[PDB]
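Examination of the molecular architecture
Chain by chain, the residues run as shown.
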2 protein chains.
Amino acid sequence: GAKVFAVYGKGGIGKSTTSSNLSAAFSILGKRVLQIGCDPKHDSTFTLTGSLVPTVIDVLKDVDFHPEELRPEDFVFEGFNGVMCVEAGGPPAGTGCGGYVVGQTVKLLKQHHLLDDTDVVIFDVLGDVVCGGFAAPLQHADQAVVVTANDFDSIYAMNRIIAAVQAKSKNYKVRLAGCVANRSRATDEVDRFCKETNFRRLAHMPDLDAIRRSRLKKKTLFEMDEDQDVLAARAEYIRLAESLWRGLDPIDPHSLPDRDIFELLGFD
Amino acid sequence: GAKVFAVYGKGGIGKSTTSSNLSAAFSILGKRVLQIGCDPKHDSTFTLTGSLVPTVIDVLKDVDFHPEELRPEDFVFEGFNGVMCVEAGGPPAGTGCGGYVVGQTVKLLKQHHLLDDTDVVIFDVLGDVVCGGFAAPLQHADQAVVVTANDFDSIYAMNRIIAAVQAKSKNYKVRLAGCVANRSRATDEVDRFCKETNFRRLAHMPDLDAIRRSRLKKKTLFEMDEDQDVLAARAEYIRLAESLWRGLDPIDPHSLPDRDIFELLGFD
Ligand SMILES: Nc1ncnc2c1ncn2[C@@H]1O[C@H](COP(=O)(O)OP(=O)(O)O)[C@@H](O)[C@H]1O
Ligand SMILES: Nc1ncnc2c1ncn2[C@@H]1O[C@H](COP(=O)(O)OP(=O)(O)O)[C@@H](O)[C@H]1O
Ligand code: SF4
Ligand SMILES: [Mg+2]
Ligand SMILES: [Mg+2]
């Protein structure tokens with residue numbers, strides 16, 4: 001069966017960058033990949049297709065919320081190097097639960113057996129809250145990965161996401177793999193946090209010109225025109241993908257009481 | 001009764017900064033003020049009390065979720081110049097609806113008539129999603145204020161918050177006041193968005209070193225050592241408070257489709 005990953009973190013921290021470049025890396029390693037955007041900011045798969053594909057909510061609206069009329073070709077799109085792409089989108093105005101479209105997406109994935117017949121599945125998920133449809137990927141994932149920077153807000157979110165994932169531990173198989181420290185020069189604060197919680201930093205991606213430009217060219221680092229700066233960034237994504245494919249030794253971390261994050265990071 | 005304001009926006013954009021300084025401004029203008037933090041990052045009222053006060057979830061836990069047993073003295077705290085402070089906190093992550101504690105907090109406020117016997121109430125609310133308990137303050141607010149900057153993510157969040165507020169406006173008295181452009185030199189993108197949507201910029205707060213420092217020092221701008229910028233910043237918070245108190249003309253904005261925000265801001 002597929003190895004399934006769920007990527008969480010605060011808004012704007014690099015979830016889609018990390019997910020898309022990981023999907024591209026896995027494809028380069030010879031794996032069949034499916035990436036599912038689970039975020040009301042519906043550009044998860046943008047750099048894989050070079051476009052904003054029709055979203056699950058778009059196509060649901062088109063069949064007047066009779067999802068039984070949909071076929072995979074309506075909402076699953078081929079992107080870079082054969083990476084398959086689904087984009088949930090966000091719920092329309094007034095919608096009760098903010099996760100509803102992610103819930104509808106995960107329903108369709110299971111009904112169409114789309115987690116089968118592939119090697120790697122990556123869910124790219126809003127993590128400012130983890131509940132309802134935003135928690136649905138956890139029922140399917142083997143490993144959860146948190147994207148973080150060194151700032152207070154991203155670490156505080158990471159701590160809450162750790163708690164959310166561990167709260168599922170008796171019901172789901174998903175376990176935490178660790179974090180990707182992203183868009184920062186070094187990792188002092190992330191490492192301080194990891195030491196306190198026995199958590200693991202899986203990778204460090206600096207704030208790279210190559211990456212910012214890739215999004216502006218509507219491409220992944222791997223689809224980009226070759227230059228030197230691209231090569232180093234590519235290598236770290238390949239390394240990270242290799243480690244996740246191979247599997248890591250387990251961690252058994254803990255979340256801190258939320259109050260104690262303020263203390264730990266000098267913000268009380 | 002009290003004039004009730006609800007402040008929404010993406011995580012880390014300046015909601016608690018705007019709320020706390022607005023509360024301090026109203027207090028200086030001679031108004032009785034209640035600020036309610038409605039955010040899992042539970043430092044909304046930190047700079048008013050100079051400390052992380054006990055949260056509603058703290059005290060709910062202690063009484064084993066029998067809110068019956070609580071009195072206002074258990075969860076309402078005195079801060080700067082008599083500004084009164086409540087801090088919701090968040091629920092244990094991964095166990096239920098992320099909005100649960102905000103929902104319980106709103107119930108407690110109504111139970112104890114805490115909206116009825118003050119002049120100004122300010123809810124400071126997570127707005128990366130607007131659903132469940134996070135939408136509950138909109139059932140009591142007179143005016144909703146969105147904090148934003150010129151960046152894509154905060155404007156995109158503001159767009160979705162507009163739609164959420166207007167959905168509540170069908171069944172509740174709340175209307176949109178407009179946005180506070182925060183931590184930016186100018187308001188070019190914010191104004192482009194406002195022009196397209198018939199929204200309104202109510203105020204603009206530049207990125208000020210004194211504001212960032214104030215959070216570290218655990219106080220509001222109104223207690224910061226004086227200088228040209230700090231005086232201007234105070235004056236702007238006063239002007240905003242004055243405008244909200246006297247009231248502005250009713251506006252009738254429209255949110256855009258998410259896809260159209262990518263187009264408008266050049267991110268597709
Ligand atoms: N390591 C990095 N170096 C440079 N830019 C980055 C990096 N990670 C993310 N970005 C940029 O930051 C912005 C937000 O990243 P994104 O992956 O879309 O965040 P999220 O999916 O968590 O909201 C994008 O413009 C993206 O290109
Ligand atoms: N106008 C501003 N100038 C300088 N710093 C600001 C400004 N607004 C907010 N900040 C800083 O940004 C950080 C996050 O602000 P905060 O109000 O806590 O955001 P939110 O409540 O939206 O999560 C804080 O460290 C705060 O001091
Ligand atoms: S479960 Fe989560 S996403 Fe759904 S209403 Fe509650 S806070 Fe919103
Ligand atoms: Mg994203
Ligand atoms: Mg806040």
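These lines cover the structure that appears in this document, whether it is placed above or below. (Residues numbered from 1 in each chain as written, not as in the entry; some residues may be left out. Chains lettered and ligands numbered in written order. Heavy atoms only, no water. Residues with missing side-chain atoms left out of burial classes, pairs and counts.)

**Looking at the relation of the copies chain A and chain B**
The transform that puts chain A on chain B rotates by 180° and translates by 0.2 Å along the axis, for an RMSD of 0.7 Å. As the rotation angle and translation indicate, the two copies are arranged about a two-fold axis. Of the interface residues in chain A, 90% have counterparts in chain B that sit at the interface too, so the contact is made through matching surfaces. (Least-squares fit on C-alpha atoms. Contact = heavy atoms within 4.5 Å.)

**As for the nonpolar core**
Generally speaking, nonpolar side chains in soluble globular proteins are found buried as a group. Among the nonpolar cores identified, the biggest contains 124 residues, and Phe75(A), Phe123(A), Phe199(A), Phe123(B), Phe193(B) and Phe199(B) are the most heavily contacted of them. In this structure, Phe123(B) is in contact with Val4(B), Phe5(B), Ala6(B), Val7(B), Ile36(B), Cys38(B), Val106(B), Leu109(B), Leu115(B) and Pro137(B), ignoring residues within four places of it in sequence. (Core = buried A, V, L, I, M, F, W, Y, C linked by side-chain atoms within 4.5 Å. Buried < 20%, exposed > 50% of the residue type's maximum accessible area, 1.4 Å probe, protein only.)

**Overview of the environment of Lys170(A)**
Along the chain, the position of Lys170(A) falls in the loop between α6 (152-166) and β7 (175-182). Measuring from C-alpha to C-alpha, the distance between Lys170(A) and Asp117(A) comes to 27 Å, with 53 residues separating the pair along the chain. (Helix = DSSP H or I, 4+ residues; strand = E, 2+ residues; numbered from the N terminus.)

**What about the site of ligand 3?**
For ligand 3, the full set of nearby residues is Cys97(A), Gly98(A), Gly99(A), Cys131(A), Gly132(A), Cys97(B), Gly98(B), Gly99(B), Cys131(B), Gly132(B) and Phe134(B). Around ligand 3, the nearby residues trace back to chains A and B. Here the shell around ligand 3 is composed, by residue class, of five nonpolar, six polar and no charged. (Near = heavy atom within 4 Å. Nonpolar A, V, L, I, M, F, W, Y, C, P; charged D, E, K, R; others polar.)

**Describing the pairing of strand β2 (residues 33-38) of chain A**
Note on strand geometry: in a regular strand, side chains alternate between the two faces of the sheet. All names here are of chain A. Among the six residues that make up β2, six are buried, leaving the element largely enclosed by the rest of the structure. On β2, burial covers both faces: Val-33, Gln-35 and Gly-37 on one face and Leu-34, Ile-36 and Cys-38 on the other are all buried. The sheet contact formed by β2 and strand β4 (residues 84-87) spans four bridges and is parallel. Bridging across to β4, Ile-36 finds its partner in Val-86. (Pairing = 2+ DSSP bridges.)

**Describing the site of ligand 1**
All names here are of chain A. Surveying the vicinity of ligand 1 reveals 17 residues, the closest of which are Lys-15, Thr-17, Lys-41, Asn-182 and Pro-206. Interatomic distance of 2.8 Å between a side-chain N/O atom of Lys-41 and an oxygen atom of ligand 1. A distance of 3.0 Å is found between a nitrogen atom of ligand 1 and a backbone nitrogen or oxygen belonging to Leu-208. Summarising the interface, the protein chains cover 88% of the accessible area of ligand 1, which totals 570 Å² for the free molecule. Elements represented by at least two residues in the shell around ligand 1 include exactly α1 (15-28) and α8 (209-216). (Polar contact = N/O pair within 3.5 Å; in protein donor to acceptor, adjacent residues only side chain to side chain. Areas by Shrake-Rupley, 256 points an atom, 1.4 Å probe, with all protein chains shown as cover.)

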